[PDB]
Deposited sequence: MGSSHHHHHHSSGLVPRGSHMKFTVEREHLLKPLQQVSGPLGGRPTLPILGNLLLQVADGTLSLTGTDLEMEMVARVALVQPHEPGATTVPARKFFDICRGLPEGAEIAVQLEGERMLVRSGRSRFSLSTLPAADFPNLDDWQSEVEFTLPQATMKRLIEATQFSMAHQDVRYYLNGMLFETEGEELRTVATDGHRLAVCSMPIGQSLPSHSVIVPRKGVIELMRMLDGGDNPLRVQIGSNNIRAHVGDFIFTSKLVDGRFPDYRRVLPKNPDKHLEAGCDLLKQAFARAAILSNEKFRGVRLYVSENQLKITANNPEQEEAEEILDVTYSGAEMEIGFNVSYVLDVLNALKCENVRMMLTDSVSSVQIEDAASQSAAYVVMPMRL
């Protein structure tokens, strides 16, 4: 195990190298851990909070061992080599040599023993689902996570198993997104908060393809297996809010309109909204929505849209970026807006599907 050596086709190394680099301050964190043992090359990248591992089968003679090498340089060398290149790698003293054709690269290393590992842990729940389902759950809610809120538990996404469904919840205290999907298995009840950087990396590993995703959840960690990749992240502490108590109770005013027409009207009104406050005013009346925006230069935008609405007239203010984020996430034919009054949240959803729901708190304009 002192003289690591392996030979691999470039085409078998490229996608694993790109993937493990995802989590990539401290010198060791800029390196990938390479480990060779009994027909497998393992490649690991970490940022101390999460780790990405890729397994590559070694079909050619190899010698066991381990080292760490600069990730970006190693990837760029392999990517820069011609299509079909054979890449021969070996440790030589404290340098890692990369050879292909008449190309030779000598890279600096840091000892494999110095590479930081996540603590040992035990899985409490396990389930398998299509990658497409996880992608849908994350994409439906990711934009509503907080970024650097003092309430740390909001800088991430809640993953919850309930009955036969997997659910995601994200909120920044102003707006909330919730999505749930049936995954054809009876599950125990569990709720964990995945850090926002972990949500982004989980999303990065979903290639759309038919390889299913296997999820393992512990008390303090989450792990996802997709093809030859294994992603592990620490979980966030704190009590995430309960979306069931955030959804507006008995909205008495239902508006329905085309998603694209509503989105384009908000997008044009936004041009003349205050750059800091982003406020727009909505006036709902019989089969009509009027959107108005003004800025400190007293420029004004006004949009009038035909909609389906027969409730009482009302005026309500919103941050237009929050409304546009919802409409951009819906990607559907028709949208339903469920209102109460000028000081209460609005619930927005696809008129044809209850799988996702969005809640936006108004502004006092």
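Comparing the deposited sequence with the modelled residues, the stretches lacking C-alpha coordinates are 1 to 17, 42 to 45.
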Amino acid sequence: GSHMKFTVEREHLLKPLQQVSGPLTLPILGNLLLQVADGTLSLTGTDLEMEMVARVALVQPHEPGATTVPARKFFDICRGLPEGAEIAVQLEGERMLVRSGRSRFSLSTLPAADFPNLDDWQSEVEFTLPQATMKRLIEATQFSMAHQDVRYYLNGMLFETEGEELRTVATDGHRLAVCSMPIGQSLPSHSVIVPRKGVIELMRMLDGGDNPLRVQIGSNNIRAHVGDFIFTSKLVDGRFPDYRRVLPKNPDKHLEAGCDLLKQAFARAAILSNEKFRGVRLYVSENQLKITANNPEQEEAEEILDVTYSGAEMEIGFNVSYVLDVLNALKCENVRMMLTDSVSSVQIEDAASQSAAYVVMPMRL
From here on, numbers count along this sequence of modelled residues.
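For the two forms, the rigid core is made up of the largest set of C-alpha atoms that agree within 1.5 Å on superposition.
Using the rigid core as the fitting frame, the root mean square C-alpha deviation in 7 other deposited structures of this protein is greater for 113 to 121 than for the other of 113 to 121 and 168 to 176.
For 238 to 246 versus 139 to 147, the mean Cα distance to the shown form in 7 other deposited structures of this protein after rigid core alignment is larger for 238 to 246. The mean Cα B-factor in the deposited entry runs higher for 208 to 216 than for the other of 92 to 100 and 208 to 216. For the pair 221 to 229 and 169 to 177, the record assigns the higher mean C-alpha temperature factor to 221 to 229. When the C-alpha B-factors of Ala57, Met338, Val320, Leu32 are read from the PDB record, the largest value belongs to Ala57. Between the residues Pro248, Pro195, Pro241, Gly80, it is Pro248 that shows the highest Cα B-factor in the PDB record.
For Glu11, the recorded CA B-factor ranks within the highest third of the chain. Only modelled residues enter the ranking. Looking at the C-alpha B-factors along this chain, the one for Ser42 belongs to the lowest third. Ranked within its chain, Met157 lands in the lowest third, by CA B factor from the PDB record.
Among the modelled residues of its chain, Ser345 has a C-alpha B-factor that falls in the lowest third according to the deposited record. Among the modelled residues of its chain, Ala357 has a C-alpha B-factor that falls in the middle third according to the deposited record.
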